[PDB]
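Letter by letter, the chains look like this.
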Amino acid sequence: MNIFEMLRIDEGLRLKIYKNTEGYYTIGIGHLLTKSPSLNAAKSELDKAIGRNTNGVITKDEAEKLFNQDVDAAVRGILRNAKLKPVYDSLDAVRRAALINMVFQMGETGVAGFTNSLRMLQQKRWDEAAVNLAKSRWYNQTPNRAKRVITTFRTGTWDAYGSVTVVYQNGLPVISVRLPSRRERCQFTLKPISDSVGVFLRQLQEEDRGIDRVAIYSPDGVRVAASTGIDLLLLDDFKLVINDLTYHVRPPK
């Protein structure tokens, strides 16, 4: 796990302008366009960002370029800020990623305003920082996101950011999945010649009653039909969305 994978889990991929949970126009991998309720303002910002007339639609490659630019802008925002830089410098790699995640989401200025939480992080008062961060407007607005980021600060581990992997055993694909109701993964063995996407998704839901939504998408963000054979699915990478989280899956061969 690293900052790039972490943010992709949090943000997913959308190639057309959409409204985020706060009602604001967004595209790509969490690229906020504007807080104004004007779709034409969103498109104008997008066209500047991409360098062409997009009409509200971009390619995966354009989304990824924008994402890399936004991660770089977040890190630069930290390093140039007198309140964020010494906190960042003091933190281990995992907690640094949590701070970058915050800055990516809410901007340099918003995060620099968390004076007390920043002091607590600087002083390695992790439980206190976690308690204090949860009292914020940020947490109130996007609590599932903020819980994951707070867990990362509290523990200095990737406990909130799991992974989905595929390994062949006895000639069959075994898919290990982070489910929302348990910390340790569960493994699913599938029959490629007869099981479908929909079969797999139904097994996930049978396993964890805390799953409210599950779906599979192509690497370009296009929904994969339930009838699709697992053999066909495993010919390429895919995304497995479980509740609010988007996991990238890389099958071997």
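Procedures and definitions
- Residues numbered from 1 in each chain as written, not as in the entry; some residues may be left out.
- Heavy atoms only, no water.
- Helix = DSSP H or I, 4+ residues; strand = E, 2+ residues; numbered from the N terminus.
- Rg over C-alpha atoms; globule rule 2.2 N^0.38 Å.
- Buried < 20%, exposed > 50% of the residue type's maximum accessible area, 1.4 Å probe, protein only.
- Contact = heavy atoms within 4.5 Å.
- Areas by Shrake-Rupley, 256 points an atom, 1.4 Å probe, with all protein chains shown as cover.
- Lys, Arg positive; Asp, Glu negative; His and termini not counted.
- Charge placed at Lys NZ, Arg CZ, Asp CG, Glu CD.
- Salt bridge = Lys/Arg side-chain N within 4 Å of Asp/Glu carboxyl O.
- Expected span 1.5 Å × (residues − 1).

The record lists X-ray crystallography as the method behind this PDB entry and 1.80 Å as its resolution.

K.L.:
When you look at the overall build of the chain in this model, what are you seeing that I'm missing?
P.N.:
Broken down by element type, the chain carries twelve helices and nine strands. Computed over its C-alpha atoms, the radius of gyration of the chain comes to 19 Å, within 12% of the 18 Å expected for a compact globule of 253 residues. Going through the 253 residues of the chain one by one, you find that 47% of them count as buried. Look at the contacts in the chain between residues 6 or more apart in sequence, and 49% of them connect residues 24 or more apart. Only carbon and sulfur atoms are counted for the fraction: they give 48% of the accessible area of the chain, which is about 12900 Å². In the chain, the 37 positive side-chain charges and the 28 negative ones have mean positions that sit 4 Å from each other.

K.L.:
Which parts of the structure should I look at to understand the pattern of salt bridges?
P.N.:
Side-chain pairs of opposite charge can arise whenever the charged atoms involved come near each other. Under the definition given, this model contains 14 salt bridges. For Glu64, the salt bridge is made with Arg8, and the minimal N-O distance between the two is 2.8 Å. Of this pair, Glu64 sits in helix α3 (residues 60-80) while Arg8 sits in helix α1 (residues 3-11); the two residues are 56 residues apart in sequence, bridging distant segments of the chain. When its relative accessible area of 17% is taken as the criterion, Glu64 is described as buried. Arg8 sits in the partly exposed class, given a relative accessible area of 28%. Linking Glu207 and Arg182 is a salt bridge whose minimum nitrogen-to-oxygen distance equals 2.9 Å. Taken together, the residues span a long stretch of sequence, with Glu207 in helix α11 (residues 197-207) and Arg182 in the loop between β5 (172-177) and β6 (186-189) at a distance of 25 residues. It is possible to trace a salt-bridge network through shared partners that takes in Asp10, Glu11, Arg145, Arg148 and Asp244.

K.L.:
I tried to follow the environment of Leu121 on my own but got confused; where do I start?
P.N.:
Checked against the element boundaries, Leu121 lands in helix α7 (residues 115-122). Spatially, the C-alpha atoms of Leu121 and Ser90 are 8.6 Å apart, while their sequence positions differ by 31 residues. Among residues more than four places away in sequence, those in contact with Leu121 are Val87, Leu91, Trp126, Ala129 and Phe153.

K.L.:
Teacher, can you tell me more about helix α10 (residues 143-155) here?
P.N.:
Each α-helix turn comprises 3.6 residues. Residues three or four places apart therefore point the same way. Here α10 spans 18 Å end to end across 13 residues, near enough to the 18 Å set by a 1.5 Å rise per residue. Within the sequence span of α10, burial applies to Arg145, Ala146, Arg148, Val149, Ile150, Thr152 and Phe153. Where the residues of α10 are buried, they touch α1, α5 (93-106), α7, α8 (126-133), α9 (137-141) and β9 (245-249). Just downstream of α10 lies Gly156, where phi reads positive at about 65°.

K.L.:
I tried to follow unusual backbone geometry on my own but got confused; where do I start?
P.N.:
With a phi close to 55°, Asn55 is a non-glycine residue in the positive phi region. With respect to the helices and strands, the residue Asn55 is situated in the loop between α2 (39-50) and α3. Given the relative accessible area of 56%, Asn55 is considered exposed. Located in the positive-phi region is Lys253, a residue other than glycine, with phi close to 70°.

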